[PDB]
There are 2 protein chains.
Amino acid sequence: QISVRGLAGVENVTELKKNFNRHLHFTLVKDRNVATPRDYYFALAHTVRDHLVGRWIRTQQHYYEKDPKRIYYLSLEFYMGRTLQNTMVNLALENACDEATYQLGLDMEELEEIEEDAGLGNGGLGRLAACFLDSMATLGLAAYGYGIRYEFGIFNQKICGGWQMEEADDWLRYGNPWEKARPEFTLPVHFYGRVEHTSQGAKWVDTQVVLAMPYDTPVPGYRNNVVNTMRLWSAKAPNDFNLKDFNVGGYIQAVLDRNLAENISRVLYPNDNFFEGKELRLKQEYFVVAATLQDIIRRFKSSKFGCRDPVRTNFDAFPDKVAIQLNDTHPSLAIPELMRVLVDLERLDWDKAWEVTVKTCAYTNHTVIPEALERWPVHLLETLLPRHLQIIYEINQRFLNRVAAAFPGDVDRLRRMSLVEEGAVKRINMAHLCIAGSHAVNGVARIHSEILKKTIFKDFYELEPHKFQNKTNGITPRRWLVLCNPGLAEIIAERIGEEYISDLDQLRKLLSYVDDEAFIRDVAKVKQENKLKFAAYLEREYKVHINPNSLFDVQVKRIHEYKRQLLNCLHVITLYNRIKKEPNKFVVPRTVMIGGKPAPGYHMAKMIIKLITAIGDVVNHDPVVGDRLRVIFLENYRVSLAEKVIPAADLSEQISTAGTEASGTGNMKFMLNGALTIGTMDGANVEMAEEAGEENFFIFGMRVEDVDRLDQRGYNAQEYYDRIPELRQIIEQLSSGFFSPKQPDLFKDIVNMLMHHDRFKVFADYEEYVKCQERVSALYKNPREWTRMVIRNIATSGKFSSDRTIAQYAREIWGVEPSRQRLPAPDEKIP
Amino acid sequence: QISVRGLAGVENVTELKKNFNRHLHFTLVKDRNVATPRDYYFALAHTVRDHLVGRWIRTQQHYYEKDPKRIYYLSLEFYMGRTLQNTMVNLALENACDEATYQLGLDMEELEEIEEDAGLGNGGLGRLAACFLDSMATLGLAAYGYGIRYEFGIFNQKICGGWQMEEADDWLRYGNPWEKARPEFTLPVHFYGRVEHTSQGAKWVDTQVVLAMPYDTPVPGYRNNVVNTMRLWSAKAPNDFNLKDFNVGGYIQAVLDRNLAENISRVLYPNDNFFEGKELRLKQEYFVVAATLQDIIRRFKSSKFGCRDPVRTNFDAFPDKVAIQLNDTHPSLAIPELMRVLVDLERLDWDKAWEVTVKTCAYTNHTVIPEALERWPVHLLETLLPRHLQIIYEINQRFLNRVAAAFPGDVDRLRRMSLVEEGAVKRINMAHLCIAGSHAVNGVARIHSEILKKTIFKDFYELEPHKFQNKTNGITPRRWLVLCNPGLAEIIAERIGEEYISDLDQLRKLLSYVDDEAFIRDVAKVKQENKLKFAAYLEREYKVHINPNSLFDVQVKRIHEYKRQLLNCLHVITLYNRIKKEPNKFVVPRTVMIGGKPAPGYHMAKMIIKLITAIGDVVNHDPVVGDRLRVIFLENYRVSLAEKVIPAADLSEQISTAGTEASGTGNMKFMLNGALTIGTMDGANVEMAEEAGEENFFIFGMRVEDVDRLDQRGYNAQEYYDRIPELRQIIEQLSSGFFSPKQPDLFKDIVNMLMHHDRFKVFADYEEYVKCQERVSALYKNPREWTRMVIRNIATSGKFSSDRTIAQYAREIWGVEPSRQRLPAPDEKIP
Ligand SMILES: *Cc1c(COP(=O)(O)O)cnc(C)c1O
Ligand SMILES: *Cc1c(COP(=O)(O)O)cnc(C)c1O
Ligand SMILES: OC[C@@H]1[C@@H](O)[C@H](O)[C@@H](O)c2nnnn21
Ligand SMILES: OC[C@@H]1[C@@H](O)[C@H](O)[C@@H](O)c2nnnn21
């Protein structure tokens, strides 16, 4: 066998080679003698896409005949990655396409590397939305993902001289085989304008019009013939006023200025956990909300209502036919917008319209760090969206009256709960708009949802306890096991079968093989094969050598002070310093690989990439160190690079200050792929250690209590400097130019910060972190017992499947039951 | 029979219905129950496009194995119109697709109306280039059309309140089924920068880079299996410097500013016979030249040279493998650019490089009116293209030295011939660069090429007589007979066969039926059927009724003072005035239809559209006139509207002041479609009257001699005003608000101009024009004898085929022999 990537059947390997040669000639208009690997990749992309249009068309007509409650997942980010392999996995096409291209004389693997990632996300948030869409289609949900088809996704990172250089991601330069533009369904979105209060309504008048044109991408569930839809809006100028708001300027200039309306979907904002209050961002937020709500209401007005049902467009059943989920506060304008359409256009009374709005909306909060929070200045909302500010003031008015009635006399509560923040500039607090206008609010890991109830939304929890929930994040076992680690999925499937791919709790059955000797050597063999293949990819695409027999220590995630790549840096420098001190003493060899992108304006995260490259500069060229220690910055980290490094890791760094990483999902990916975790009791590390047992994890540090104790006291970093010689030695190395010789003051900003303004108190966890790291090296030395802990982690990772998450969203927030029932075939059909 | 639009064969009607249902499902991802006519149009467009990719691939590999001399036709305009029907005509698919969609229950005609015109031209020039491409593919020439893929072609004209309103032509909103993007073949184009003169060369340094990405459209010859290529460049920003010319500005802003480089192909300049010296226009001109020349040289470096031939890249054979034709001076920078690449990059000596450049280039001049002429200010060329200005100064230097040697002492000649014009601003005269750097210069009709030799390029003709040629324009019989007038092509084909479609001189054989009674009634019957169908289309898409039993008097062309829609206006007002004077006197009924677009800044042409609508306002609502006279402005005139009005015309207006319309091609279209011509002895009207006999035409007016006599004297329009009461009456009607009641001064600008600054002396031809118009009404009254003159014109129109024009370009300028040999089948094949 190759692996169990499906059957390579006789009629179907021949079917696929026929269609591959059809598309190269008819679609690509190339012949075999001028086709490059890229043309061969497109011939394949088109042949696999033909296998899901049958199922797409019949999944959509099915939701039309039966009319289930529809789930609208609204996100400004969807981080899909590449879609050829994933689509072959979900349709069971992967071995038939492997044989078929083999017979055509091509390497499928070589062609899969040609696909550009769809990079429409920054990281965690965007990828949670792509893992969610996979699980909704796998669980038979009538679900729709909605977002912006950005033409430039997250920048490609280049390192020049150790510094990040950002360059535009032109992911569409060659085309996207997977979208279907739907210009028939373009919709108008209004901006600026003013409100006339006339007789039987307010009206929004003298608005600028932008057209939202849809592009649909298919989302296939795993082996069940459901193919749901991701619809992504693109901005288009009208050809009228963007031209005929006549009377000199210039004709050519009017046409060139069209790219003013079309700039709304041009580029993703490259910030992860940081709010920039730019007008273009708010235009992006209103545009995906306005266009999506029109499409939603349009579908509901057909339903079985636009036939009969009671007969009246009674929006009373709108919540029993519509669930819209808000992915963070970025689509929060869906609350005042659903109100506007219903009061202003459909003419419902306010209070009916408000009951229908809270009953269909639900809000997911993703972080508690204050600079991530949206607080949009009122003059901005006032200019651009004047009806919506009025609706926000009226919602506020009425909500604070409920607070006043329940907490009579508590005047500080009222100022603390207001959706309107007074101050220098007044602002609207979008998270407050979202708790007031949603029937459910949830965090993303059990400790983060407890921190919401206890600290940041405590007033809101005391008011309406029944709204706050938890739904711990997950990861999809299809890309994150079966696709990136087929060998591990194989050796698992040999022992327990293939039903675990859509039932990840079945992995508990591996616990019976924790003492099976053939299993332990197999598990250790695929990890070694992954390490060898990544070690190779590295000299191929990017390198000057590494050693596959070392511990692969990796921390790959966005560069932030709260995720503390700096604490990892302090640990690498220690290791170096100890082996400069005792050169001929044995130490377990490590390749520590750190990678991630910094948002362009985040000066400290840019300085941290520069420190990591400066350490590898020194460490990787010291001869006394030899191959005992290598430090590597993993360039342009993205979804496809994660599918290559996470199978190859031995140790996962999940080192954020307790209370700052709300969940994390990279931690989950590493746990089902055979890495052991070194982490703090933060986010979902706590539920993972509870699932594997704390003995099967390396936890260290401060807990949330201890962080708050320290903050009661006052964190003084000099106390640590003064008491720990190894820590002291490192800072004066940074401070004197040991690591930056030509530019000795270069790192003074990291030193000054760590010493005087460290928000994430890197020094407080340093002692217990280098002690915990001594413990993992000790165990790496006992291969057999490292692999049995690995086994304890894999067999215990099934809780962290996004199928478990989506089934709890479905039941406890959406009111819909998941299915795992194969939809009636693909079978051809024309009606 | 339906007509002879090919066979509707059994295996092939079934082949086409299979493929139509394949594309609607697999390409369009629609099913029969949600498909609109537009989806049905795309299913068809894709099924007919599959039939020419076989022939395209094998026509191109054929020119590769046999390696003929290649003809590069460089134009900034290609006015293609719609391409579904035209492609069905050239592949003999039209009746099989008619039966196939009929069986599917659809009307092909209804779907053909859904296609948007490719409007990448202003009129005459752009359409001559589309008629040329058809004839080169029909004559087996290895020819390539090269231009800019503008994303906005010529604006769509809207009339509000009688005024033209321009709106952006978003022809690509729904997609173009016919192009194939070729992003693999993107090429760099450089701008700005500076020149370093270093040791063994000048170098062009610190340039801004724009990428030219190609899009190929197929050009099928008529029924010969040749499918040539039209390649159209699109501008794309690099993702490097258009981003990493680093150091603050803003990351988002850098990505948004990409549409600064991409504005180069955004919109066609909407000016016909008028030069605007805007920097964006010159960027458009360099960009199609730079990118095209790279592709040209790239193809030549493979040829049989990049194998062996002598062995050295001896550019000596470049003229024997390459012909590049300059369509007007818009690609004139192809001369200094071919020099730059050869001296600066390929390191040929100047004089070898100059001999190779003049021997491969040829220039077509299209007009003598002075404001149409390109004279680019030197500070513009100096900034943007500094190497090329140096090369232009060196070419000038050397050319004037040849003039000095031949005309010793003639110092005025030298200042008159210079490519550099001194004055207020120095300018480069692009037409002079083109005669100096081309081995052939030609005009477009016999009198226009005589006017070039006698007036505008007289000095150049005395210097190098052997360069000046004539190549009278033509029209393609495939769109302009067979496609727009199938009934006329039928009744012709009944009598003489179908070989005339690629041999239009065979139409002379209709002269034997000028007295055949069945033929005369047939010819009269298709004209009546065309008139009925256009009269219908009109109430459908646009109307409030016309009478098909009147003479259809039409003048449809761009609005210009030289084409004199104003003289036609004077004639309509006369007719009205005479029948207000004698109400109960019979006059032959006329529907006079005038249509065309005005360039946006051309205030007088905009005022002329407004006069025409103001006349129809009055005339079409006078009850005394009844249906004896209707005046209609034919909105948004373009290629597809021409295919509908020109079959339906009885009389063609070709009324420009002698010496101003260099050729005209609308005049030709009307002559093979059964309209009689009222015209002056201008452009190609002279060769048409010479071909049908002046008895078979209505010529009037001043000849060129008489225009110059009048200009020797001094044209005084008041002399006409004073002597012709009917003319006098009209001007005081204009002047008093008879035609503009609420705004009595509205037309004072037309009056003031006609009276004091008429360049095209509208009043001098007025008497002989209304007398000639009395003669055509007299003959319309004798139906039998109108149709025998019509017959004398049709049978005599074969000279005016673009197949005759291209065969004289081929033989007398390009050095290649036309073929009419069917290329070896389409037959499948994979190598
Ligand atoms: C999963 C993923 C993330 C999230 O990882 P965390 O460690 O939770 O921050 C970010 N980026 C990429 C490319 C990922 O695949
Ligand atoms: C052929 C054509 C022209 C040229 O007509 P002239 O009468 O020579 O000016 C212009 N516009 C359209 C749409 C045409 O088809
Ligand atoms: O919920 C998905 C991820 C969480 O796992 C991260 O911990 C948190 O920082 C975040 N912010 N936005 N999206 N996310
Ligand atoms: O050659 C094609 C046509 C001629 O027929 C016109 O008479 C002339 O005004 C023109 N200018 N540019 N292109 N053209």
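First the proteins, then the strands, lettered A, B, ... as listed; each starts at 1. Indexing begins at 1, ligand by ligand and atom by atom, following the structure's order.
- Taking the ring pair (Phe, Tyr, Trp, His ring centres under 6.0 Å) definition, one finds that A/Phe534 meets it with A/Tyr537, sequence neighbours left out.
- Residues that satisfy the ring pair (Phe, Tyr, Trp, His ring centres under 6.0 Å) test with B/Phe274, not counting sequence neighbours, are absent from this structure.
- Checked against ring pair (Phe, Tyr, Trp, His ring centres under 6.0 Å), A/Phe132 has the following partners two or more places apart in sequence or in another chain: A/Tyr73, A/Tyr809.
- Taking OG from B/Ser656 and NE2 from B/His560, the interatomic distance works out to 11.0 Å, rounded to the nearest 0.5 Å.
- In terms of polar-atom proximity, defined here as any N/O pair under 3.5 Å, A/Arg127 makes no such contact with ligand 1.
- One finds no salt bridge joining A/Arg759 and A/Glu561 here, because no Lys/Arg side-chain nitrogen approaches an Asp/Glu carboxylate oxygen to under 4.0 Å.
- Checked for salt-bridge contact, A/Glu276 and A/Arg281 miss the test: no charged N lies under 4.0 Å from a carboxylate O.
- A cation-pi contact, defined as under 6.0 Å to the ring centre and within 45° of the axis, links A/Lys597 to A/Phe155.
- Atoms CE and OH, on B/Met593 and B/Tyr637 in that order, are 13.0 Å from each other to the nearest 0.5 Å.
- Distances between N or O atoms of A/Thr665 and those of ligand 1 include at least one value under 3.5 Å.
- The side chain of A/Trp480, and not its backbone, has at least one atom closer than 4.0 Å to an atom of ligand 1 (non-hydrogen atoms only; side chain from C-beta on).
- Listed by number with element, the atoms of ligand 2 under 4.0 angstrom from any heavy atom of B/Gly664 are 8 (O).
- Around ligand 3, the residues contributing at least one heavy atom under 4.0 Å from the ligand are A/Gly124, A/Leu125, A/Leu128, A/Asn273, A/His366, A/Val444, A/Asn473, A/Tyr562, A/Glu661, A/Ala662, A/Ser663, A/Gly664.
- Using a 4.0 Å cut-off between a side-chain N of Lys or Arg and a carboxylate O of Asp or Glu, B/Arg479 and B/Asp134 do not qualify as a salt bridge.
- In terms of heavy atoms, B/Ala599 sits closest to B/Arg558 at N-NH1, 3.3 Å.
- Between A/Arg558 and ligand 1, no N or O atom pair is found at a separation short of 3.5 Å.
- Protein heavy atom closest to atom 10 (C) of ligand 2, with residue, atom name and distance, is B/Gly123 CA, 3.6 Å.
- To the nearest 0.5 Å, atom CG of residue A/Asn442 and atom CD1 of residue A/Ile813 are 4.5 Å apart.
- With respect to atom 7 (O) of ligand 2, the closest heavy atom belonging to the protein is B/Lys557 NZ, 2.8 Å.
- For atom 5 (O) of ligand 2, the closest non-hydrogen atom of the protein is B/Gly666 N, 3.6 Å.
- Of the polar atoms of B/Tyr79, none of the N or O atoms is found under 3.5 Å from an N or O of ligand 2, judged by distance alone.
- Considering only non-hydrogen protein atoms, atom 14 (C) of ligand 2 sits nearest to B/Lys669 NZ, 2.9 Å.
- Each of the atoms 3 (C), 4 (C), 10 (C) of ligand 2 lies under 4.0 Å from some heavy atom of B/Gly124.
- Residue A/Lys563 holds the heavy atom nearest to atom 9 (O) of ligand 1 of all those in A/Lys597, A/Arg638, A/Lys563.
- Counting only distance, with no hydrogens or angles, the side chain of B/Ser802 and the backbone of B/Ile475 share a donor-acceptor pair below 3.5 Å.
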